[PDB]
Amino acid sequence: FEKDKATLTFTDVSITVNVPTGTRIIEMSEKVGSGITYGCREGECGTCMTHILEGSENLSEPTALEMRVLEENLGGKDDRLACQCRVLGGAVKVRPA
Ligand code: FES
């Protein structure tokens with residue numbers, strides 16, 4: 001009934017925020033103090049890498065750009081870029097990678 005909102009848990013700070021769907025993880029991490037770093041405005045640096053603990057199915061699929069910057073920065077199977085990863089619904093749990 002609230003399909004336009006999603007819960008996002010930053011486990012390094014133990015807080016779950018209810019975000020409007022389509023919000024990027026980086027747009028909440030600094031609001032709660034999570035240690036995810038915003039280091040560029042072009043999606044190329046990869047310093048915003050984030051480990052997706054749960055709920056990867058509720059996230060926007062990675063673009064070809066994200067995949068390239070992920071691989072360039074040794075991102076793993078469950079890592080995503082916080083400045084490019086949008087929460088589309090459901091429940092997601094993340095920690096700084
Ligand atoms: S902040 Fe640079 S890739 Fe996300």
Side-chain angles (χ1 to χ4, degrees):
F1 297 146
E2 282 271 38
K3 265 172 164 290
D4 59 328
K5 262 192 157 185
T7 66
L8 176 58
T9 300
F10 296 91
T11 63
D12 66 319
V13 282
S14 294
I15 179 174
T16 297
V17 285
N18 188 9
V19 302
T21 49
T23 301
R24 284 158 176 82
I25 300 171
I26 202 59
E27 294 175 344
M28 299 305 300
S29 63
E30 191 271 349
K31 293 188 172 187
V32 302
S34 188
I36 305 176
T37 300
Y38 185 70
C40 83
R41 285 178 285 187
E42 53 170 6
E44 291 278 346
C45 71
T47 60
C48 64
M49 200 172 293
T50 305
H51 188 93
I52 305 299
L53 297 164
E54 283 189 338
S56 62
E57 66 276 353
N58 306 125
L59 294 175
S60 64
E61 293 279 16
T63 66
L65 163 68
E66 187 174 355
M67 299 289 295
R68 171 175 67 75
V69 184
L70 282 176
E71 196 170 40
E72 281 170 7
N73 303 268
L74 307 179
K77 176 58 162 56
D78 297 304
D79 298 319
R80 297 288 301 279
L81 298 185
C83 71
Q84 301 172 226
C85 186
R86 303 167 67 179
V87 191
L88 300 181
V92 180
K93 296 191 176 182
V94 306
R95 57 156 183 93

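All residue numbers refer to positions in the sequence shown, counting from 1. Each ligand, and each atom within it, is numbered from 1 in the order the structure gives. Side-chain atoms are counted along with the backbone in the values below, which use heavy atoms only and exclude waters and symmetry mates.
The nearest N, O or S atom of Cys40 is not closer to atom 4 (Fe) of ligand 1 than 2.8 Å. For residue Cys45, no N/O/S atom approaches atom 4 (Fe) of ligand 1 to within less than 2.8 Å.
Interface atoms of ligand 1 facing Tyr38, defined by a heavy-atom separation under 4.0 Å, are 1 (S). Residue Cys83 has at least one heavy-atom neighbour below 4.0 Å for each of these atoms of ligand 1: 1 (S), 3 (S), 4 (Fe). Close approach to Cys48 involves these atoms of ligand 1, each under 4.0 Å from a residue heavy atom: 1 (S), 3 (S), 4 (Fe).
Residue contacts with ligand 1 for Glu44 involve N, CA, C or O but no side-chain atom from C-beta outward (heavy atoms, distance under 4.0 Å).
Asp4 has its side chain within reach of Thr21: a pair of non-hydrogen atoms, C-beta onward, lies under 4.5 Å apart.
With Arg68 as the fixed residue, the salt bridge (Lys or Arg N to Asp or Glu O under 4.0 Å) test singles out one of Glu71, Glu72, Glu66: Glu72.
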Do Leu81 and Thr63 pass the side chain to side chain contact (heavy atoms under 4.5 Å, CB included) test, and can you show the C-alpha distance, the side-chain angles, and the key distance before you say yes or no?
CA-CA 11 Å; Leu81 298 185; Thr63 66; over 6 Å; no
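A donor-acceptor distance shorter than 3.5 angstrom exists from the side chain of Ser60 to the backbone of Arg86, with no hydrogens or angles considered.
Under the 4.5 Å side-chain heavy-atom criterion for grouping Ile, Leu, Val, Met, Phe, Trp and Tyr, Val87 is connected to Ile36 within one hydrophobic cluster. By the criterion of side-chain heavy atoms lying less than 4.5 angstrom apart, applied directly or through intervening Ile, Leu, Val, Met, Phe, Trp or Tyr residues, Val94 is grouped together with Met28 in one hydrophobic cluster.
Considering only non-hydrogen protein atoms, atom 3 (S) of ligand 1 sits nearest to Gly46 N, 3.1 Å. Of the protein's heavy atoms, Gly39 N, 3.5 Å lies nearest to atom 1 (S) of ligand 1.
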